[PDB]
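*Asks:* There's a structure below that I have some questions on.
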Amino acid sequence: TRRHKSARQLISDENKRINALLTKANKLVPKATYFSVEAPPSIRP
Amino acid sequence: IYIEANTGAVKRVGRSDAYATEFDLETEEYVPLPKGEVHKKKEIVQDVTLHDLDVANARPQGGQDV
Amino acid sequence: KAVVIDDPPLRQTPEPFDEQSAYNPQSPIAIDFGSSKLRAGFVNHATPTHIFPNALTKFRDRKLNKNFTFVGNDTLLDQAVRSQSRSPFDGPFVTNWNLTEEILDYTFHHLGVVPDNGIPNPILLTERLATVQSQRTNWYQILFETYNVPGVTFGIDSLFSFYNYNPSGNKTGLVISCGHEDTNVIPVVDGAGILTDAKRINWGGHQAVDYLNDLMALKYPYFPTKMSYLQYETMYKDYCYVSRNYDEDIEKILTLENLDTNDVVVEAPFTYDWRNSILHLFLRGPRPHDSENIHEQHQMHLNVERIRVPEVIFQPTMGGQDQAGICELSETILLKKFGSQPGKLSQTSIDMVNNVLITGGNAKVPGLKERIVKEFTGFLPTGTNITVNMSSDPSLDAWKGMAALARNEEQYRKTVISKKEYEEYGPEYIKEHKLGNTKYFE
């Protein structure tokens with residue numbers, strides 16, 4: 001069987017997963033994640 | 001800004017138009033970008049008289065500013 | 001004279017399938033799981049053989065009491081079966097998985113394959129950038145259990161098109177892909193995609209046509225006939241262009257000398273002077289408005305939005321996305337990264353300038369290449385030779401990408417994953433190669 005698993009909770013699931021990985025490493029720098037490729041805000045007004 | 005190479009003349013035209021939305025109302029004037037190149041070279045011919053050079057060296061109060 | 005748009009016409013004939021005698025089990029299978037369309041076929045052929053949007057219907061017949069299944073181009077036969085089309089893509093990912101299995105079954109049936117104990121062909125798959133672990137885990141599950149394929153390999157479609165247009169595999173360039181739902185910038189060094197400096201802006205074709213949809217809803221709130229998504233898609237495709245300079249074009253597009261030429265009037269299908277008021281120019285153009293004419297109130301007027309909606313990519317603050325623009329992100333990549341001092345271009349930056357490539361589904365809008373060339377000449381130092389390459393159809397260069405990759409057997413084996421490696425290392429495994437995703441950590 002397979003849950004439907006909509007795309008809204010998927011980003012939060014990956015955020016919780018990467019937070020779990022960094023907290024287990026804290027008890028390690030990310031390289032290319034979904035939250036790291038995503039664009040910085042504009043410096044020009 | 002405006003820079004002349006030979007004499008070092010500096011003139012501020014104003015702020016660029018891309019920085020015109022930092023405030024909704026501002027005391028600065030916003031001029032657009034110069035549409036030409038940055039570097040401009042031009043050969044001129046200067047015609048002066050001997051009286052002009054006589055009066056340039058003979059200012060009694062002192063030399064004027066820009 | 002106003003023009004009238006409709007839905008696209010349905011196909012008179014159904015989609016044919018390839019002959020089963022020409023199938024061989026040694027040839028791989030190339031698939032491109034795009035957000036808009038599906039491209040499926042062999043590798044030895046260069047021209048496409050199966051292009052169709054990813055949709056499926058469950059047509060319940062009253063007389064036979066049997067739920068019929070119509071896939072892709074088979075949904076383009078009747079209006080009711082077109083309107084009930086269901087995409088498997090929810091957001092930028094996939095959520096319902098059984099739909100993917102039956103559309104893959106449809107592609108395998110229409111490829112002329114007579115297999116036994118699963119598909120004996122390794123498959124070539126494109127995937128999105130920084131893809132989430134759950135969908136690639138489920139992908140490994142479905143291909144390694146349902147279809148029994150021997151090998152699998154993966155990569156990004158933008159880098160695959162870059163490798164297609166740079167077949168040596170060692171070039172340096174800067175690729176830009178404008179997909180259906182995302183816009184990506186990847187700097188490529190020595191044929192390998194540097195994904196730690198990759199950038200993504202959350203805008204695509206789908207967000208642009210939704211911008212057209214709610215802009216037309218907001219501009220004419222008393223419109224009586226609801227027009228479908230396909231009408232928004234067609235008039236975005238046919239009546240939109242990238243402005244050469246949005247600051248100067250916006251200060252003169254409402255004048256009467258432009259609205260006689262640059263205003264498009266779109267008629268909906270069905271059975272105190274106005275010169276000095278810009279409301280009448282914005283709503284009803286340069287022609288006078290008669291509220292009693294029946295054909296008059298079924299009309300769009302596209303005057304500002306044609307240059308407004310392609311500018312959301314260059315300035316995402318119009319679309320609500322708090323992100324830097326494409327030009328500013330390219331300036332960040334090119335002028336302050338890869339060892340390039342701002343004001344002193346490195347040789348990596350110079351090589352990246354001369355191989356700027358624009359690809360993706362949303363590069364069909366005219367004026368994009370000239371605008372990005374103008375911006376690149378704007379911010380680079382003087383004398384830099386800027387080269388921008390644009391395909392005639394940049395929606396098909398990914399399939400050319402896996403075609404050139406699997407035709408090049410020397411570098412094909414560096415990226416493949418077999419059943420044996422997956423079975424010994426589980427779904428949690430990252431194959432670090434040049435043309436695909438990297439590890440999530442260092």
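Residue numbering restarts at 1 for every chain of the structure tokens, chains are lettered A, B, ... in their displayed order, and ligands are numbered from 1 as they appear.
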Could you list the residues in chain A lying within 6 Å of chain C, using only C-alpha atoms, and format the result as a count of residues only?
*Replies:* 12
*Asks:* Based on DSSP run over this structure's backbone, return all residues of chain A in alpha helix (DSSP H), as a PyMOL selection string.
*Replies:* chain A and resi 8-26+34-37
*Asks:* Convert the current residue selection to file output with N, CA, C and O atoms, as a PDB file, in the first residue's frame.
*Replies:*
```pdb
ATOM      1  N   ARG A   8       3.031  19.269  -0.520  1.00  0.00           N
ATOM      2  CA  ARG A   8       3.155  20.305   0.501  1.00  0.00           C
ATOM      3  C   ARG A   8       3.992  19.826   1.684  1.00  0.00           C
ATOM      4  O   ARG A   8       4.872  20.552   2.160  1.00  0.00           O
ATOM      5  N   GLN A   9       3.747  18.607   2.163  1.00  0.00           N
ATOM      6  CA  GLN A   9       4.513  18.097   3.293  1.00  0.00           C
ATOM      7  C   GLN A   9       5.890  17.582   2.899  1.00  0.00           C
ATOM      8  O   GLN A   9       6.680  17.262   3.789  1.00  0.00           O
ATOM      9  N   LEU A  10       6.201  17.506   1.602  1.00  0.00           N
ATOM     10  CA  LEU A  10       7.456  16.897   1.171  1.00  0.00           C
ATOM     11  C   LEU A  10       8.653  17.790   1.474  1.00  0.00           C
ATOM     12  O   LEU A  10       9.715  17.299   1.880  1.00  0.00           O
ATOM     13  N   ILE A  11       8.497  19.103   1.288  1.00  0.00           N
ATOM     14  CA  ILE A  11       9.567  20.045   1.607  1.00  0.00           C
ATOM     15  C   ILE A  11       9.816  20.087   3.111  1.00  0.00           C
ATOM     16  O   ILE A  11      10.968  20.125   3.561  1.00  0.00           O
ATOM     17  N   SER A  12       8.749  20.037   3.913  1.00  0.00           N
ATOM     18  CA  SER A  12       8.908  19.973   5.363  1.00  0.00           C
ATOM     19  C   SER A  12       9.514  18.646   5.809  1.00  0.00           C
ATOM     20  O   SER A  12      10.268  18.615   6.788  1.00  0.00           O
ATOM     21  N   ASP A  13       9.199  17.554   5.105  1.00  0.00           N
ATOM     22  CA  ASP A  13       9.785  16.250   5.404  1.00  0.00           C
ATOM     23  C   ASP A  13      11.285  16.281   5.131  1.00  0.00           C
ATOM     24  O   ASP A  13      12.080  15.796   5.945  1.00  0.00           O
ATOM     25  N   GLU A  14      11.689  16.876   4.005  1.00  0.00           N
ATOM     26  CA  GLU A  14      13.112  16.995   3.701  1.00  0.00           C
ATOM     27  C   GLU A  14      13.816  17.950   4.655  1.00  0.00           C
ATOM     28  O   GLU A  14      14.987  17.740   4.994  1.00  0.00           O
ATOM     29  N   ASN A  15      13.122  19.003   5.095  1.00  0.00           N
ATOM     30  CA  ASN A  15      13.690  19.915   6.083  1.00  0.00           C
ATOM     31  C   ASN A  15      13.913  19.217   7.417  1.00  0.00           C
ATOM     32  O   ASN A  15      14.969  19.381   8.038  1.00  0.00           O
ATOM     33  N   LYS A  16      12.939  18.412   7.856  1.00  0.00           N
ATOM     34  CA  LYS A  16      13.092  17.640   9.086  1.00  0.00           C
ATOM     35  C   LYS A  16      14.187  16.591   8.951  1.00  0.00           C
ATOM     36  O   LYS A  16      14.936  16.347   9.901  1.00  0.00           O
ATOM     37  N   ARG A  17      14.307  15.979   7.769  1.00  0.00           N
ATOM     38  CA  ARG A  17      15.337  14.970   7.537  1.00  0.00           C
ATOM     39  C   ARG A  17      16.734  15.581   7.563  1.00  0.00           C
ATOM     40  O   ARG A  17      17.645  15.042   8.203  1.00  0.00           O
ATOM     41  N   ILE A  18      16.917  16.720   6.888  1.00  0.00           N
ATOM     42  CA  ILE A  18      18.232  17.352   6.869  1.00  0.00           C
ATOM     43  C   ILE A  18      18.555  17.967   8.231  1.00  0.00           C
ATOM     44  O   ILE A  18      19.724  18.004   8.636  1.00  0.00           O
ATOM     45  N   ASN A  19      17.534  18.392   8.987  1.00  0.00           N
ATOM     46  CA  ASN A  19      17.769  18.853  10.349  1.00  0.00           C
ATOM     47  C   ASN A  19      18.158  17.703  11.265  1.00  0.00           C
ATOM     48  O   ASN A  19      19.013  17.875  12.141  1.00  0.00           O
ATOM     49  N   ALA A  20      17.560  16.525  11.056  1.00  0.00           N
ATOM     50  CA  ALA A  20      17.949  15.331  11.797  1.00  0.00           C
ATOM     51  C   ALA A  20      19.391  14.943  11.494  1.00  0.00           C
ATOM     52  O   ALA A  20      20.157  14.606  12.404  1.00  0.00           O
ATOM     53  N   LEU A  21      19.780  15.013  10.215  1.00  0.00           N
ATOM     54  CA  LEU A  21      21.152  14.688   9.829  1.00  0.00           C
ATOM     55  C   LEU A  21      22.156  15.681  10.408  1.00  0.00           C
ATOM     56  O   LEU A  21      23.214  15.275  10.906  1.00  0.00           O
ATOM     57  N   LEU A  22      21.834  16.979  10.389  1.00  0.00           N
ATOM     58  CA  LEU A  22      22.778  17.952  10.936  1.00  0.00           C
ATOM     59  C   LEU A  22      22.828  17.902  12.460  1.00  0.00           C
ATOM     60  O   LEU A  22      23.877  18.191  13.045  1.00  0.00           O
ATOM     61  N   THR A  23      21.730  17.528  13.122  1.00  0.00           N
ATOM     62  CA  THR A  23      21.786  17.399  14.574  1.00  0.00           C
ATOM     63  C   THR A  23      22.533  16.139  14.996  1.00  0.00           C
ATOM     64  O   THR A  23      23.220  16.146  16.024  1.00  0.00           O
ATOM     65  N   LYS A  24      22.410  15.047  14.232  1.00  0.00           N
ATOM     66  CA  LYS A  24      23.238  13.873  14.502  1.00  0.00           C
ATOM     67  C   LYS A  24      24.708  14.141  14.209  1.00  0.00           C
ATOM     68  O   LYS A  24      25.582  13.589  14.887  1.00  0.00           O
ATOM     69  N   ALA A  25      25.002  14.972  13.207  1.00  0.00           N
ATOM     70  CA  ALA A  25      26.386  15.365  12.970  1.00  0.00           C
ATOM     71  C   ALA A  25      26.897  16.304  14.055  1.00  0.00           C
ATOM     72  O   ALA A  25      28.099  16.320  14.343  1.00  0.00           O
ATOM     73  N   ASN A  26      26.008  17.091  14.666  1.00  0.00           N
ATOM     74  CA  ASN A  26      26.422  18.032  15.700  1.00  0.00           C
ATOM     75  C   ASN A  26      26.738  17.344  17.021  1.00  0.00           C
ATOM     76  O   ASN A  26      27.553  17.856  17.797  1.00  0.00           O
ATOM     77  N   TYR A  34      18.074  21.272  -1.483  1.00  0.00           N
ATOM     78  CA  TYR A  34      16.975  22.055  -2.036  1.00  0.00           C
ATOM     79  C   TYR A  34      16.973  23.469  -1.470  1.00  0.00           C
ATOM     80  O   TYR A  34      16.643  24.427  -2.178  1.00  0.00           O
ATOM     81  N   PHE A  35      17.356  23.622  -0.208  1.00  0.00           N
ATOM     82  CA  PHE A  35      17.346  24.918   0.450  1.00  0.00           C
ATOM     83  C   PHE A  35      18.630  25.705   0.234  1.00  0.00           C
ATOM     84  O   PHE A  35      18.705  26.864   0.650  1.00  0.00           O
ATOM     85  N   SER A  36      19.637  25.112  -0.405  1.00  0.00           N
ATOM     86  CA  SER A  36      20.897  25.793  -0.667  1.00  0.00           C
ATOM     87  C   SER A  36      21.036  26.289  -2.096  1.00  0.00           C
ATOM     88  O   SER A  36      21.668  27.322  -2.318  1.00  0.00           O
ATOM     89  N   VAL A  37      20.468  25.568  -3.066  1.00  0.00           N
ATOM     90  CA  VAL A  37      20.460  26.024  -4.453  1.00  0.00           C
ATOM     91  C   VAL A  37      19.521  27.219  -4.618  1.00  0.00           C
ATOM     92  O   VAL A  37      19.765  28.098  -5.458  1.00  0.00           O
TER      93      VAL A  37
END
```
*Asks:* I want to know what sits within 6 Å of stretch 4-20 of chain B, based on only C-alpha atoms, with residues of the same chain fewer than 4 positions away left out; could you give that as a count of residues only?
*Replies:* 4
*Asks:* Could you tell me which residues of chain A sit within 12 Å of chain B when counting only C-alpha atoms, and give me the result as an MDAnalysis selection string?
*Replies:* chainID A and resid 43:45
*Asks:* If you run DSSP on the backbone, which residues of chain B are strand (DSSP E), as number ranges by chain?
*Replies:* B: 2-3, 10-11, 15-16, 30-31
*Asks:* Rounded to one decimal, what separation in Å do you get between atom CA of residue B:43 and atom CA of residue B:64?
*Replies:*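 Calculated distance between atom CA of residue B:43 and atom CA of residue B:64 is 26.8 Å.
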